[PDB]
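Novice: This is the content of entry_29.cif (mmCIF, N, CA and C atoms):
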data_protein
loop_
_atom_site.label_atom_id
_atom_site.label_comp_id
_atom_site.auth_asym_id
_atom_site.auth_seq_id
_atom_site.Cartn_x
_atom_site.Cartn_y
_atom_site.Cartn_z
N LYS A 1 158.99 219.84 7.98
CA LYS A 1 157.57 219.60 7.55
C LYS A 1 156.99 218.29 8.21
N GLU A 2 157.57 217.15 7.87
CA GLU A 2 157.14 215.86 8.42
C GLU A 2 157.34 215.65 9.97
N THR A 3 156.31 215.36 10.76
CA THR A 3 156.54 214.95 12.17
C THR A 3 157.26 213.57 12.17
N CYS A 4 158.17 213.29 13.15
CA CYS A 4 158.79 211.96 13.21
C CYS A 4 157.71 210.92 13.19
N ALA A 5 156.58 211.15 13.87
CA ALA A 5 155.44 210.24 13.77
C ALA A 5 154.97 209.95 12.31
N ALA A 6 154.80 211.02 11.53
CA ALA A 6 154.23 210.91 10.19
C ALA A 6 155.31 210.26 9.33
N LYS A 7 156.60 210.60 9.54
CA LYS A 7 157.70 209.96 8.76
C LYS A 7 157.72 208.46 9.05
N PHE A 8 157.53 208.06 10.32
CA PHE A 8 157.41 206.62 10.61
C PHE A 8 156.31 205.91 9.88
N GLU A 9 155.14 206.55 9.84
CA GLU A 9 154.06 205.97 9.10
C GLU A 9 154.39 205.81 7.59
N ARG A 10 155.08 206.81 7.02
CA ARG A 10 155.43 206.74 5.61
C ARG A 10 156.44 205.60 5.40
N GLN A 11 157.44 205.58 6.28
CA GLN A 11 158.53 204.66 6.04
C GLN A 11 158.19 203.24 6.45
N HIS A 12 157.31 203.09 7.45
CA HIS A 12 157.16 201.78 8.07
C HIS A 12 155.80 201.19 8.22
N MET A 13 154.75 201.96 7.92
CA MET A 13 153.44 201.34 7.99
C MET A 13 152.88 200.96 6.61
N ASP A 14 152.31 199.78 6.50
CA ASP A 14 151.57 199.39 5.27
C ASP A 14 150.42 198.58 5.80
N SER A 15 149.37 199.25 6.27
CA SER A 15 148.14 198.59 6.63
C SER A 15 147.29 198.20 5.41
N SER A 16 147.73 198.53 4.18
CA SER A 16 146.91 198.24 2.98
C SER A 16 146.86 196.77 2.58
N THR A 17 147.77 196.00 3.13
CA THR A 17 147.89 194.59 2.72
C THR A 17 148.28 193.79 3.97
N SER A 18 147.95 192.49 3.97
CA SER A 18 148.23 191.59 5.09
C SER A 18 149.69 191.08 5.01
N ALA A 19 150.27 191.13 3.80
CA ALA A 19 151.64 190.63 3.57
C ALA A 19 152.13 191.10 2.18
N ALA A 20 153.43 190.98 1.95
CA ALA A 20 153.98 191.25 0.61
C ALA A 20 153.31 190.33 -0.42
N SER A 21 152.81 190.91 -1.52
CA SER A 21 152.11 190.11 -2.55
C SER A 21 153.05 189.42 -3.52
N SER A 22 154.30 189.86 -3.56
CA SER A 22 155.21 189.33 -4.57
C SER A 22 156.62 189.71 -4.15
N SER A 23 157.58 189.15 -4.86
CA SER A 23 158.98 189.40 -4.59
C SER A 23 159.40 190.77 -5.08
N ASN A 24 158.50 191.45 -5.79
CA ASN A 24 158.67 192.83 -6.17
C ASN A 24 158.12 193.84 -5.22
N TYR A 25 157.46 193.40 -4.13
CA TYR A 25 156.86 194.33 -3.16
C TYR A 25 157.76 195.48 -2.72
N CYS A 26 158.96 195.12 -2.35
CA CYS A 26 159.95 196.10 -1.88
C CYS A 26 160.41 197.01 -2.98
N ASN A 27 160.70 196.48 -4.18
CA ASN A 27 161.07 197.40 -5.22
C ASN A 27 160.04 198.47 -5.41
N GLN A 28 158.78 198.04 -5.35
CA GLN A 28 157.69 198.94 -5.59
C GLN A 28 157.41 199.89 -4.42
N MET A 29 157.41 199.37 -3.20
CA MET A 29 157.10 200.25 -2.07
C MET A 29 158.25 201.16 -1.64
N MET A 30 159.50 200.66 -1.77
CA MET A 30 160.56 201.58 -1.47
C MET A 30 160.48 202.80 -2.36
N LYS A 31 160.15 202.56 -3.66
CA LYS A 31 159.92 203.68 -4.56
C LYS A 31 158.71 204.55 -4.22
N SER A 32 157.57 203.93 -3.96
CA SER A 32 156.37 204.69 -3.78
C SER A 32 156.29 205.48 -2.48
N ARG A 33 157.08 205.07 -1.48
CA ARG A 33 157.10 205.71 -0.19
C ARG A 33 158.24 206.73 -0.15
N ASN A 34 158.86 206.96 -1.31
CA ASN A 34 159.90 207.99 -1.44
C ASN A 34 161.22 207.64 -0.74
N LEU A 35 161.50 206.33 -0.69
CA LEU A 35 162.75 205.87 -0.02
C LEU A 35 163.82 205.55 -1.03
N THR A 36 163.61 205.94 -2.28
CA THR A 36 164.66 205.77 -3.25
C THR A 36 164.90 207.04 -4.05
N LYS A 37 164.33 208.15 -3.59
CA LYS A 37 164.29 209.36 -4.42
C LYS A 37 165.73 209.84 -4.69
N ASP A 38 166.53 210.01 -3.62
CA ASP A 38 167.88 210.60 -3.78
C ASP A 38 169.04 209.63 -3.62
N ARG A 39 168.77 208.52 -2.94
CA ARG A 39 169.76 207.43 -2.76
C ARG A 39 168.86 206.21 -2.52
N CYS A 40 169.45 205.02 -2.52
CA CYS A 40 168.66 203.80 -2.20
C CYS A 40 168.78 203.53 -0.70
N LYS A 41 167.68 203.69 0.04
CA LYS A 41 167.79 203.40 1.49
C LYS A 41 168.09 201.89 1.60
N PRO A 42 169.14 201.49 2.32
CA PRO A 42 169.57 200.05 2.19
C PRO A 42 168.63 199.05 2.83
N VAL A 43 168.06 199.38 3.97
CA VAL A 43 167.25 198.41 4.75
C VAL A 43 166.02 199.09 5.31
N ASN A 44 164.88 198.52 5.17
CA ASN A 44 163.63 199.17 5.73
C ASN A 44 162.57 198.17 5.87
N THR A 45 161.85 198.20 6.98
CA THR A 45 160.78 197.22 7.22
C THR A 45 159.40 197.91 7.21
N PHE A 46 158.45 197.19 6.64
CA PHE A 46 157.03 197.64 6.65
C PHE A 46 156.22 196.76 7.51
N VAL A 47 155.33 197.35 8.31
CA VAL A 47 154.49 196.61 9.26
C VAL A 47 153.09 196.59 8.74
N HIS A 48 152.48 195.37 8.69
CA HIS A 48 151.12 195.18 8.19
C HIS A 48 150.23 194.93 9.40
N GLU A 49 149.99 195.97 10.19
CA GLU A 49 149.06 195.87 11.30
C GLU A 49 148.33 197.19 11.37
N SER A 50 147.34 197.27 12.24
CA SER A 50 146.66 198.57 12.46
C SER A 50 147.65 199.60 13.09
N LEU A 51 147.40 200.86 12.84
CA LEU A 51 148.23 201.87 13.46
C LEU A 51 148.05 201.83 14.96
N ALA A 52 146.84 201.57 15.45
CA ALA A 52 146.67 201.51 16.92
C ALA A 52 147.55 200.37 17.56
N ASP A 53 147.56 199.22 16.88
CA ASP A 53 148.38 198.10 17.37
C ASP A 53 149.87 198.49 17.43
N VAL A 54 150.36 199.21 16.37
CA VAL A 54 151.79 199.47 16.35
C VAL A 54 152.06 200.63 17.37
N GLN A 55 151.18 201.64 17.49
CA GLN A 55 151.43 202.70 18.48
C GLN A 55 151.39 202.12 19.89
N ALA A 56 150.59 201.06 20.10
CA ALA A 56 150.51 200.51 21.47
C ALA A 56 151.87 199.89 21.93
N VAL A 57 152.74 199.55 21.00
CA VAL A 57 154.05 198.99 21.35
C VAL A 57 154.88 199.93 22.23
N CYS A 58 154.62 201.23 22.11
CA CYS A 58 155.33 202.22 22.93
C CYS A 58 155.03 202.08 24.40
N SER A 59 154.03 201.23 24.75
CA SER A 59 153.70 200.94 26.17
C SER A 59 153.97 199.50 26.54
N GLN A 60 154.76 198.77 25.72
CA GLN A 60 155.02 197.35 25.90
C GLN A 60 156.43 197.15 26.46
N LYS A 61 157.24 196.25 25.97
CA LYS A 61 158.46 195.81 26.71
C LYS A 61 159.56 196.82 26.45
N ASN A 62 159.90 197.55 27.49
CA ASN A 62 161.06 198.49 27.32
C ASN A 62 162.42 197.84 27.20
N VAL A 63 163.11 198.18 26.14
CA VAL A 63 164.43 197.56 25.88
C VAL A 63 165.39 198.64 25.40
N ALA A 64 166.73 198.43 25.43
CA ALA A 64 167.58 199.38 24.87
C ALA A 64 167.54 199.36 23.39
N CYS A 65 167.66 200.49 22.81
CA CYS A 65 167.88 200.60 21.34
C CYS A 65 169.31 200.18 20.95
N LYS A 66 169.54 199.91 19.67
CA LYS A 66 170.86 199.60 19.14
C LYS A 66 171.87 200.66 19.51
N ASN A 67 171.46 201.91 19.52
CA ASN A 67 172.38 203.00 19.85
C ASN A 67 172.60 203.24 21.37
N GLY A 68 172.01 202.34 22.17
CA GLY A 68 172.03 202.43 23.64
C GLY A 68 171.06 203.46 24.25
N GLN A 69 170.32 204.23 23.46
CA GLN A 69 169.20 204.96 24.08
C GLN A 69 168.22 204.01 24.72
N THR A 70 167.34 204.49 25.60
CA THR A 70 166.52 203.59 26.36
C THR A 70 165.06 203.75 26.02
N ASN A 71 164.76 204.44 24.93
CA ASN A 71 163.31 204.63 24.54
C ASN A 71 162.87 203.69 23.46
N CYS A 72 163.39 202.47 23.47
CA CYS A 72 162.85 201.46 22.57
C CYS A 72 161.96 200.49 23.28
N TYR A 73 161.08 199.87 22.49
CA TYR A 73 160.03 199.03 23.03
C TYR A 73 159.83 197.89 22.08
N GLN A 74 159.75 196.67 22.60
CA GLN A 74 159.53 195.44 21.82
C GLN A 74 158.09 195.00 22.00
N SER A 75 157.49 194.72 20.86
CA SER A 75 156.08 194.24 20.88
C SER A 75 155.91 192.95 21.63
N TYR A 76 154.83 192.84 22.42
CA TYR A 76 154.56 191.59 23.07
C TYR A 76 154.19 190.49 22.10
N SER A 77 153.48 190.90 21.04
CA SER A 77 152.99 189.99 20.00
C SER A 77 153.93 190.02 18.77
N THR A 78 153.94 188.90 18.03
CA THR A 78 154.49 188.96 16.66
C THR A 78 153.55 189.80 15.80
N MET A 79 154.08 190.33 14.70
CA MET A 79 153.33 191.15 13.76
C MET A 79 153.77 190.77 12.39
N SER A 80 152.84 190.86 11.42
CA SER A 80 153.13 190.64 10.01
C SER A 80 154.01 191.82 9.52
N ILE A 81 155.18 191.53 8.97
CA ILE A 81 156.06 192.59 8.49
C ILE A 81 156.71 192.13 7.15
N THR A 82 157.17 193.08 6.36
CA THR A 82 157.99 192.84 5.17
C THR A 82 159.25 193.52 5.38
N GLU A 83 160.34 192.75 5.31
CA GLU A 83 161.64 193.31 5.37
C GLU A 83 162.23 193.55 3.98
N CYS A 84 162.76 194.75 3.74
CA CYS A 84 163.30 195.12 2.41
C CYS A 84 164.78 195.28 2.61
N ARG A 85 165.59 194.65 1.76
CA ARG A 85 167.02 194.97 1.81
C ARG A 85 167.58 195.09 0.42
N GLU A 86 168.34 196.16 0.21
CA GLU A 86 168.94 196.40 -1.08
C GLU A 86 169.85 195.19 -1.51
N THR A 87 169.81 194.85 -2.78
CA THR A 87 170.69 193.73 -3.29
C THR A 87 172.09 194.28 -3.41
N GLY A 88 173.10 193.39 -3.50
CA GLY A 88 174.51 193.79 -3.59
C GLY A 88 174.78 194.59 -4.84
N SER A 89 174.02 194.27 -5.90
CA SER A 89 174.13 194.91 -7.21
C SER A 89 173.57 196.29 -7.35
N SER A 90 172.64 196.65 -6.48
CA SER A 90 171.82 197.77 -6.71
C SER A 90 172.68 199.00 -6.77
N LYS A 91 172.44 199.84 -7.77
CA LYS A 91 173.08 201.17 -7.82
C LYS A 91 171.99 202.21 -8.20
N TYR A 92 171.94 203.26 -7.39
CA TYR A 92 171.05 204.37 -7.61
C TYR A 92 171.40 204.92 -9.01
N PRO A 93 170.41 205.40 -9.78
CA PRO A 93 169.00 205.56 -9.50
C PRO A 93 168.14 204.35 -9.84
N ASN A 94 168.75 203.21 -10.04
CA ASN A 94 168.03 201.98 -10.25
C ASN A 94 168.08 201.08 -8.99
N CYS A 95 167.37 201.49 -7.93
CA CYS A 95 167.34 200.73 -6.67
C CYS A 95 166.65 199.33 -6.70
N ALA A 96 167.37 198.31 -6.29
CA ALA A 96 166.78 196.98 -6.30
C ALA A 96 166.82 196.36 -4.89
N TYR A 97 165.79 195.59 -4.57
CA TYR A 97 165.56 195.05 -3.18
C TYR A 97 165.13 193.62 -3.14
N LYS A 98 165.53 192.86 -2.12
CA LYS A 98 164.98 191.54 -1.82
C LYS A 98 163.90 191.78 -0.80
N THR A 99 162.81 191.07 -1.00
CA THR A 99 161.60 191.11 -0.19
C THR A 99 161.59 189.87 0.67
N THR A 100 161.39 190.06 2.00
CA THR A 100 161.15 188.88 2.89
C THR A 100 159.96 189.18 3.79
N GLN A 101 158.95 188.31 3.73
CA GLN A 101 157.74 188.44 4.53
C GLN A 101 157.86 187.57 5.77
N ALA A 102 157.52 188.06 6.95
CA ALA A 102 157.67 187.28 8.17
C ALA A 102 156.69 187.70 9.24
N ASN A 103 156.52 186.84 10.27
CA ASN A 103 155.83 187.22 11.50
C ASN A 103 156.81 187.26 12.67
N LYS A 104 157.19 188.49 13.06
CA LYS A 104 158.18 188.70 14.08
C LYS A 104 157.79 189.81 15.05
N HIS A 105 158.36 189.81 16.25
CA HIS A 105 158.24 191.01 17.10
C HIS A 105 158.98 192.21 16.53
N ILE A 106 158.42 193.41 16.73
CA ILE A 106 159.13 194.60 16.28
C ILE A 106 159.68 195.33 17.47
N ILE A 107 160.71 196.14 17.23
CA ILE A 107 161.30 197.00 18.27
C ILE A 107 161.35 198.37 17.67
N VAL A 108 160.70 199.38 18.31
CA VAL A 108 160.60 200.72 17.79
C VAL A 108 161.09 201.70 18.85
N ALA A 109 161.57 202.83 18.38
CA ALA A 109 161.87 203.91 19.33
C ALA A 109 160.76 204.90 19.36
N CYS A 110 160.35 205.28 20.54
CA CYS A 110 159.08 206.10 20.66
C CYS A 110 159.36 207.50 21.19
N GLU A 111 158.53 208.48 20.75
CA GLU A 111 158.77 209.89 21.14
C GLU A 111 157.41 210.56 21.08
N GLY A 112 157.33 211.71 21.69
CA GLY A 112 156.14 212.62 21.52
C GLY A 112 155.04 212.37 22.51
N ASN A 113 154.03 213.24 22.44
CA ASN A 113 152.80 213.08 23.15
C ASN A 113 151.66 213.28 22.14
N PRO A 114 150.90 212.24 21.75
CA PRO A 114 150.98 210.89 22.28
C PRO A 114 152.36 210.27 22.01
N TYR A 115 152.70 209.31 22.88
CA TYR A 115 153.96 208.59 22.76
C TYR A 115 153.83 207.50 21.68
N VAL A 116 154.54 207.71 20.56
CA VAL A 116 154.30 206.85 19.38
C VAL A 116 155.60 206.51 18.68
N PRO A 117 155.58 205.54 17.79
CA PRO A 117 156.88 205.18 17.18
C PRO A 117 157.41 206.25 16.20
N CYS A 118 158.70 206.48 16.34
CA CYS A 118 159.36 207.45 15.47
C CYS A 118 160.50 206.78 14.69
N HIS A 119 160.93 205.62 15.11
CA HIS A 119 162.07 204.93 14.43
C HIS A 119 161.87 203.45 14.54
N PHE A 120 162.23 202.68 13.51
CA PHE A 120 162.17 201.22 13.58
C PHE A 120 163.61 200.72 13.90
N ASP A 121 163.77 200.05 15.03
CA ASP A 121 165.13 199.59 15.50
C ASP A 121 165.45 198.21 14.91
N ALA A 122 164.51 197.27 14.95
CA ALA A 122 164.82 195.87 14.64
C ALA A 122 163.56 195.05 14.65
N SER A 123 163.56 193.89 14.03
CA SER A 123 162.62 192.82 14.31
C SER A 123 163.27 191.65 15.01
N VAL A 124 162.53 190.90 15.80
CA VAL A 124 163.06 189.74 16.53
C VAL A 124 162.13 188.60 16.22
#
Mind turning the file's structure into structure tokens?
Specialist:
Amino acid sequence: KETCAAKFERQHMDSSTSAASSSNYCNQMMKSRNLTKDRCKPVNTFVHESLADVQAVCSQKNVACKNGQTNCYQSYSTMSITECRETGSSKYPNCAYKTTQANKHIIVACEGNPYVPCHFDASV
């Protein structure tokens, strides 16, 4: 059902806010974006930029992905992002997360036509 493009937007885009509003941001968004439905996804980043800005990264600095594929791209600019990581304690179905807000470059893996992000590899 979901295009890798649309799944990326669900998992990784949050243009609704400029930054995490509280230390509960991740608890709340991991839940609302359906990333805790069946298990607690351990690590996930949200990007607070326009979709056009984040899709444009697919034409920026080509770098290898963590898995050694070559379709990753690092943003030329830093971007406002929230990094979510599950706490050591967390046990499903009660998923708990630490929220960290930062301005960093993102690295995404891109696919499709239009060529757009389908996976979030890392922030730098």
Novice: Return the single residue from A:23, A:60, A:55, A:69 that is closest to residue A:83, with distances computed using only C-alpha atoms.
Specialist: A:23
Novice: Mind checking which residues fall within 10 Å of residue A:88, counting only C-alpha atoms, ignoring those fewer than 4 positions away in the same chain, and posting them as a tab-separated table (two decimals) with N, CA and C atoms, in the coordinates of the input?
Specialist:
chain	number	residue	atom	x	y	z
A	42	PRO	N	169.14	201.49	2.32
A	42	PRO	CA	169.57	200.05	2.19
A	42	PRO	C	168.63	199.05	2.83
A	96	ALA	N	167.37	198.31	-6.29
A	96	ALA	CA	166.78	196.98	-6.30
A	96	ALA	C	166.82	196.36	-4.89
A	97	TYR	N	165.79	195.59	-4.57
A	97	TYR	CA	165.56	195.05	-3.18
A	97	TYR	C	165.13	193.62	-3.14
A	98	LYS	N	165.53	192.86	-2.12
A	98	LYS	CA	164.98	191.54	-1.82
A	98	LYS	C	163.90	191.78	-0.80
Novice: Have a look at atom C of residue A:61 and atom N of residue A:4 and let me know their distance in Å, one decimal.
Specialist: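 The value is 21.2 Å.
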Novice: Any idea what the distance is between atom N of residue A:112 and atom CA of residue A:20?
Specialist: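 Atom CA of residue A:20 lies 29.6 Å from atom N of residue A:112.
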Novice: Which residues match the PyMOL selection byres ((chain A and resi 107-109) around 8) in the file above, as a list in words?
Specialist: residues 57, 58, 65, 70, 71, 72, 73, 74, 75, 104, 105, 106, 110, 111, 112, 115, 116, 117, 118, 119, 120, 121, 122, 123 and 124 of chain A
Novice: Mind giving me the straight-line distance from atom CA of residue A:79 to atom CA of residue A:9 in Å, one decimal?
Specialist: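 One can read the atom CA of residue A:79 to atom CA of residue A:9 distance as 15.6 Å.
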Novice: Taking only C-alpha atoms into account, name the residue in A:26, A:63, A:54, A:5 that is nearest to residue A:77.
Specialist: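 Residue with the minimum atom-to-atom distance to residue A:77: A:54.
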Novice: Using the partial input, fill out stretch 48-67 of chain A with N, CA, C and O atoms; write the result as a CSV table (one decimal), in the frame of the given file.
Specialist:
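Printed below is selection-v4.csv as written:
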chain,number,residue,atom,x,y,z
A,48,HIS,N,152.5,195.4,8.7
A,48,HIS,CA,151.1,195.2,8.2
A,48,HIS,C,150.2,194.9,9.4
A,48,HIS,O,149.7,193.8,9.7
A,49,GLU,N,150.0,196.0,10.2
A,49,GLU,CA,149.1,195.9,11.3
A,49,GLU,C,148.3,197.2,11.4
A,49,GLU,O,148.7,198.2,10.7
A,50,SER,N,147.3,197.3,12.2
A,50,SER,CA,146.7,198.6,12.5
A,50,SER,C,147.6,199.6,13.1
A,50,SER,O,148.6,199.3,13.9
A,51,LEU,N,147.4,200.9,12.8
A,51,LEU,CA,148.2,201.9,13.5
A,51,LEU,C,148.0,201.8,15.0
A,51,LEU,O,149.1,202.0,15.7
A,52,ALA,N,146.8,201.6,15.4
A,52,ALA,CA,146.7,201.5,16.9
A,52,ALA,C,147.6,200.4,17.6
A,52,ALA,O,148.2,200.6,18.7
A,53,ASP,N,147.6,199.2,16.9
A,53,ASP,CA,148.4,198.1,17.4
A,53,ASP,C,149.9,198.5,17.4
A,53,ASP,O,150.6,198.1,18.4
A,54,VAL,N,150.4,199.2,16.4
A,54,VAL,CA,151.8,199.5,16.4
A,54,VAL,C,152.1,200.6,17.4
A,54,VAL,O,153.1,200.6,18.1
A,55,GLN,N,151.2,201.6,17.5
A,55,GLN,CA,151.4,202.7,18.5
A,55,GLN,C,151.4,202.1,19.9
A,55,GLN,O,152.1,202.6,20.8
A,56,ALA,N,150.6,201.1,20.1
A,56,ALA,CA,150.5,200.5,21.5
A,56,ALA,C,151.9,199.9,21.9
A,56,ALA,O,152.1,199.7,23.1
A,57,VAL,N,152.7,199.6,21.0
A,57,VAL,CA,154.0,199.0,21.4
A,57,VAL,C,154.9,199.9,22.2
A,57,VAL,O,155.7,199.4,23.1
A,58,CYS,N,154.6,201.2,22.1
A,58,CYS,CA,155.3,202.2,22.9
A,58,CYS,C,155.0,202.1,24.4
A,58,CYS,O,155.7,202.8,25.2
A,59,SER,N,154.0,201.2,24.8
A,59,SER,CA,153.7,200.9,26.2
A,59,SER,C,154.0,199.5,26.5
A,59,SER,O,153.4,199.0,27.6
A,60,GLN,N,154.8,198.8,25.7
A,60,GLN,CA,155.0,197.4,25.9
A,60,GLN,C,156.4,197.2,26.5
A,60,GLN,O,156.7,197.8,27.5
A,61,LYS,N,157.2,196.2,26.0
A,61,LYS,CA,158.5,195.8,26.7
A,61,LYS,C,159.6,196.8,26.4
A,61,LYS,O,160.1,196.9,25.3
A,62,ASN,N,159.9,197.6,27.5
A,62,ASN,CA,161.1,198.5,27.3
A,62,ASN,C,162.4,197.8,27.2
A,62,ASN,O,162.7,197.0,28.0
A,63,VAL,N,163.1,198.2,26.1
A,63,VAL,CA,164.4,197.6,25.9
A,63,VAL,C,165.4,198.6,25.4
A,63,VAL,O,165.0,199.7,25.0
A,64,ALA,N,166.7,198.4,25.4
A,64,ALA,CA,167.6,199.4,24.9
A,64,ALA,C,167.5,199.4,23.4
A,64,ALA,O,167.3,198.3,22.8
A,65,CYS,N,167.7,200.5,22.8
A,65,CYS,CA,167.9,200.6,21.3
A,65,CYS,C,169.3,200.2,21.0
A,65,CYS,O,170.2,200.2,21.8
A,66,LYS,N,169.5,199.9,19.7
A,66,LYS,CA,170.9,199.6,19.1
A,66,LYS,C,171.9,200.7,19.5
A,66,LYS,O,173.0,200.3,19.8
A,67,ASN,N,171.5,201.9,19.5
A,67,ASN,CA,172.4,203.0,19.8
A,67,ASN,C,172.6,203.2,21.4
A,67,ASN,O,173.3,204.2,21.8
